[PDB]
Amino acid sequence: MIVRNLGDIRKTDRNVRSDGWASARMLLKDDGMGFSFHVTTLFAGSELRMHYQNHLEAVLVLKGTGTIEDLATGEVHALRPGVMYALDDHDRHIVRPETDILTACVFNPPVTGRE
């Protein structure tokens, strides 16, 4: 069994920061689960479009509010606690946090942490 704490991971190189977000990587490919599992903070005021190519991602909103806009349809979806979105390589999206947003994220295949 693995048992790990977010607060511990946040104090390590498994916690990464970029422009507009930070993420604590709880599980990465080398943990062997066949998916990665992250606790990701999306900062207020960012306009985020990143997607790791050749991966699928699911995102559960834990805290905070904002929007996710689907550029394929023009749909603007509310983000708030309990909203989940799922993305592939073909999605064209923009995530815009109103407040900071805390999320639980899953990638398949797993993110490696080496980019």
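Note that residue numbering follows the sequence shown and begins at 1.
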Report summary line: When mean C-alpha B-factors in the record are compared for 47-55 and 82-90, the larger belongs to 47-55
Query raised in the report: If you average the Cα B factors in the entry, which is higher, 12-20 or 97-105?
Result: 12-20
Requested in this report: Compare the CA B factors listed in the entry for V61, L42, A72, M33 and report the winner.
Outcome: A72
Query raised in the report: Split the chain's modelled residues into thirds by Cα B-factor; is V111 in the lowest, middle or highest one?
Result: highest
